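Single-structure report; data block below.
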Amino acid sequence: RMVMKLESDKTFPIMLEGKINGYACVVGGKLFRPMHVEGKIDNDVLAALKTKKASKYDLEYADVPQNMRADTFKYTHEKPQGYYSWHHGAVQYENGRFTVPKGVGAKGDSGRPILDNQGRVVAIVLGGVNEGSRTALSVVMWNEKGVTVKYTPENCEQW
Amino acid sequence: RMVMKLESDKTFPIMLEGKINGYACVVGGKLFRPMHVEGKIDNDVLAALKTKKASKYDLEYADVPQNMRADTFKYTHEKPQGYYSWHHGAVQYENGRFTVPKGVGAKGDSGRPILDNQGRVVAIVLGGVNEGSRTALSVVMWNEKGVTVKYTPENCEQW
Amino acid sequence: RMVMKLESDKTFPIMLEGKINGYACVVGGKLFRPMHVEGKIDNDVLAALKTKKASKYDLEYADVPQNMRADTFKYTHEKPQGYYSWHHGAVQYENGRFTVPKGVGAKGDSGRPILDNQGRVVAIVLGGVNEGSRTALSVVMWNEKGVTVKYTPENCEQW
Amino acid sequence: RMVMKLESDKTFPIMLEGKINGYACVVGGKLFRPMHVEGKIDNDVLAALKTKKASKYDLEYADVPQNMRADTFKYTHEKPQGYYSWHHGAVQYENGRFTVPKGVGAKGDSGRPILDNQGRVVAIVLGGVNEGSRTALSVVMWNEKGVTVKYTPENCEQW
Amino acid sequence: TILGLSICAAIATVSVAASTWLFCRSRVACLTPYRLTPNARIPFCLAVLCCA
């Protein structure tokens, strides 16, 4: 209950085959979307916006127009131990790794952002690997120096 | 109180001709089995794993599968002085040594993870000896840097 | 009743691949084991013991360690006429034969210490043959001078 | 329910280090066991028997002694379409194929017989495979001519 | 020469084998304390000597 009401409309699904295959998020003035999602953004203005490829980090980033910089997610560089809000449920940050309960998260859920209890994005996911009773996530976050450390678990199944 | 630290199914027995002589424990995604204990782990998936010996520290370690990594003990690099929980009973940490009441720990009581008051493993005991009127345990712990220091009392008695 | 003497049972099953083939006794500070059975003693201390064979009387004998020489059966050279105790009911020693009720004792029920009303062992059964009326047993018993007299009924089968 | 009426002392298990590994059944005065089950039958009389191989039909078959023929399973060739009784539960026979519900059957279940309503065996189970809710299982049956037809599903995994 | 050359070759082979044995033993003794940590963090030794 407490984790699902943290709803923000800044995320935009990507449309192709006429079905949902991923989410692209506007954070801190930049639009992020993964490689593996194909299609056009639901918002036409961002759909027509050119993107720059970053294959080794696995995210296209696009410069949002200056008018829309006012309403965007707030990035975070500190990652305190413990649980965090998400679209589905609580996500546990432990031992420098983001984990979700069994079954939560599947194909078409890639690109969704992990926020904190404060209400601002702390990382964005690109895929998930099932470790058993608890499922680990392939996720990219932000550091204090803005070096954008990417954490990719072993043989991660790509969402 | 003490019974809330024995509901750990992640430990595993070692069978030898239908008898118990040791315990193999999984910590931090790695399976540790005492070297001097002969037999086979009851669980087939863990038994099939090929382990790499370590004669100096007197235990063999193996890498658990991905699907088993989720449900696994958590190690601790800090060992504050005083009380600790164990399946047989209370254990007490003084001056870098674990001590137990008389007659605690015997044939088939090795590989037992010494849980903490929090509920996570801090070390693995391989044997205990009783010198004079005090009983101490030979046990392998983990340092802050992760060097896996082992403390063994003089004339240590196996198991 | 003759069953309250099961508390005196210090015999040790011999297991072969999880199958019990017989029982080994500790009489008078001496471990006796049937030769025809195969396997390992129940406890490790006697399992590691070295046994000396005796093919004529068909059993192995070993000397118990000094720690447990007192914790043993205590024997007897005289066997008055009449019925004695056993784990399988009263069994009558009549004029040179230890005979049991018909249909009692089979393969694997061998090496069994016989008892009398005093809780003292006088003989060890090895096998037996089923006569029409009752069943007579091959048995190793003792006499006054202590030369280990052994009796086997004609055409006896091992147990 | 029909499980309580499927009691039968004729069937025997083949153990492997004190665990259920196979099932050998006496039918029509003949003992049957699979190729792929390793171990020794619990019954000593059949363990003493010498059995011959049949690699193609996956059956060791041995001739029971005369006294054993008094009580044994009865076999018939006719297999009307519909439901049949098995030790684990009910099975159903359609289009010349036996099948069982989801997840009914695993390692150690091979060699069990299949029963009908009137209380006689018609076939012996060797293994199974699952694609949907139904689980077609490999099984050896008998024709009206008595030729022992062996039906087997595609890439059936051994039980 | 046959005696001397054989003696020199044997000494060289024994020395090389012993040096390899000591190097492997040192690598094991310097890595296993760090290797069998459950999370297997081994930055320090690999940075100071590149043993692996």
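Each chain in the structure tokens gets a letter, A, B and so on, in the order shown; residues start at 1 in every chain, and ligands are counted from 1 in the order they appear.
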- request: Run DSSP on the backbone and grab whatever in chain C lands in strand (DSSP E or B); send it over as a PyMOL selection string.
  value: chain C and resi 12-16+19-27+30-34+40-41+52+59-63+73+82-85+91-94+97-100+112-115+121-130+135-141+150-151+157-158
field: Contacts of residue 108 of chain C within 6 Å, only C-alpha atoms, excl. fewer than 3 positions in-chain, as a VMD selection string
entry: chain C and resid 21 to 22 159
Write the residues of the preceding selection, restricted to N, CA, C and O atoms, as a short mmCIF file (atom, residue, chain, number, x, y, z; two decimals), in the first residue's frame.
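Contents of result_33.cif, as written:
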```
data_model
loop_
_atom_site.label_atom_id
_atom_site.label_comp_id
_atom_site.auth_asym_id
_atom_site.auth_seq_id
_atom_site.Cartn_x
_atom_site.Cartn_y
_atom_site.Cartn_z
N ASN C 21 22.95 -56.70 10.12
CA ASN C 21 23.16 -58.13 9.96
C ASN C 21 23.33 -58.88 11.28
O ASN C 21 23.20 -60.11 11.29
N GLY C 22 23.61 -58.18 12.37
CA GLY C 22 23.81 -58.85 13.64
C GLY C 22 24.09 -57.85 14.73
O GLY C 22 24.04 -56.63 14.52
N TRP C 159 22.66 -67.21 11.11
CA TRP C 159 21.68 -66.13 11.21
C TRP C 159 22.35 -64.79 10.95
O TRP C 159 21.73 -63.86 10.44
#
```
- request: May I have the residues within 8 Å of segment 140-151 of chain A as a ChimeraX atom specification, using only C-alpha atoms and disregarding those fewer than 4 positions away in the same chain?
  value: /A:57,75-78,97,122-126
- request: Could you please select, counting only C-alpha atoms, the residues of chain A within 9 Å of chain B and state them as JSON, numbers by chain?
  value: {"A": [130, 131, 132, 133, 134, 135, 136, 154]}
query: Taking into account only C-alpha atoms, which residue in the set B:104, B:49, B:16, B:54 is nearest to chain E?
result: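 Closest to chain E, using only C-alpha atoms: B:54.
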Find the nearest atom pair between each residue of chain E and chain B for residues within 10 Å, count only C-alpha atoms, give distances in Å to one decimal, sort rows by chain and ascending number, and present the table as JSON lines.
```
{"residue": "E:28", "atom": "CA", "partner": "B:54", "partner_atom": "CA", "distance": 9.0}
{"residue": "E:29", "atom": "CA", "partner": "B:56", "partner_atom": "CA", "distance": 8.2}
{"residue": "E:30", "atom": "CA", "partner": "B:147", "partner_atom": "CA", "distance": 9.7}
{"residue": "E:31", "atom": "CA", "partner": "B:147", "partner_atom": "CA", "distance": 9.1}
{"residue": "E:32", "atom": "CA", "partner": "B:54", "partner_atom": "CA", "distance": 7.3}
{"residue": "E:33", "atom": "CA", "partner": "B:147", "partner_atom": "CA", "distance": 4.8}
{"residue": "E:34", "atom": "CA", "partner": "B:147", "partner_atom": "CA", "distance": 4.9}
{"residue": "E:35", "atom": "CA", "partner": "B:147", "partner_atom": "CA", "distance": 8.2}
{"residue": "E:36", "atom": "CA", "partner": "B:61", "partner_atom": "CA", "distance": 6.7}
{"residue": "E:37", "atom": "CA", "partner": "B:146", "partner_atom": "CA", "distance": 6.0}
{"residue": "E:38", "atom": "CA", "partner": "B:28", "partner_atom": "CA", "distance": 4.7}
{"residue": "E:39", "atom": "CA", "partner": "B:28", "partner_atom": "CA", "distance": 6.0}
{"residue": "E:40", "atom": "CA", "partner": "B:146", "partner_atom": "CA", "distance": 8.2}
{"residue": "E:41", "atom": "CA", "partner": "B:146", "partner_atom": "CA", "distance": 7.2}
{"residue": "E:42", "atom": "CA", "partner": "B:146", "partner_atom": "CA", "distance": 8.6}
{"residue": "E:44", "atom": "CA", "partner": "B:145", "partner_atom": "CA", "distance": 9.5}
```
Can I get the selection written as a PDB file, in the first residue's frame, with C-alpha atoms?
```pdb
ATOM      1  CA  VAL E  28      48.144 -19.749  -2.703  1.00  0.00           C
ATOM      2  CA  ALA E  29      49.140 -18.549   0.773  1.00  0.00           C
ATOM      3  CA  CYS E  30      48.647 -14.907  -0.248  1.00  0.00           C
ATOM      4  CA  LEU E  31      45.348 -15.432  -2.096  1.00  0.00           C
ATOM      5  CA  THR E  32      43.380 -17.994  -0.056  1.00  0.00           C
ATOM      6  CA  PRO E  33      42.984 -15.639   2.962  1.00  0.00           C
ATOM      7  CA  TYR E  34      41.400 -13.193   0.509  1.00  0.00           C
ATOM      8  CA  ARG E  35      39.951 -15.829  -1.839  1.00  0.00           C
ATOM      9  CA  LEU E  36      37.585 -17.692   0.497  1.00  0.00           C
ATOM     10  CA  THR E  37      35.858 -14.545   1.719  1.00  0.00           C
ATOM     11  CA  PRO E  38      32.168 -15.129   0.867  1.00  0.00           C
ATOM     12  CA  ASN E  39      31.958 -12.056  -1.380  1.00  0.00           C
ATOM     13  CA  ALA E  40      35.508 -12.573  -2.744  1.00  0.00           C
ATOM     14  CA  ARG E  41      36.925  -9.043  -2.619  1.00  0.00           C
ATOM     15  CA  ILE E  42      40.580  -9.216  -3.680  1.00  0.00           C
ATOM     16  CA  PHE E  44      44.793  -5.254  -2.392  1.00  0.00           C
TER      17      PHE E  44
END
```
- prompt: Could you pull out all residues of segment 33-100 of chain B with a DSSP call of helix (DSSP H, G or I) and give them as JSON, numbers by chain?
  reply: {"B": [44, 45, 46, 47, 66, 67, 68]}
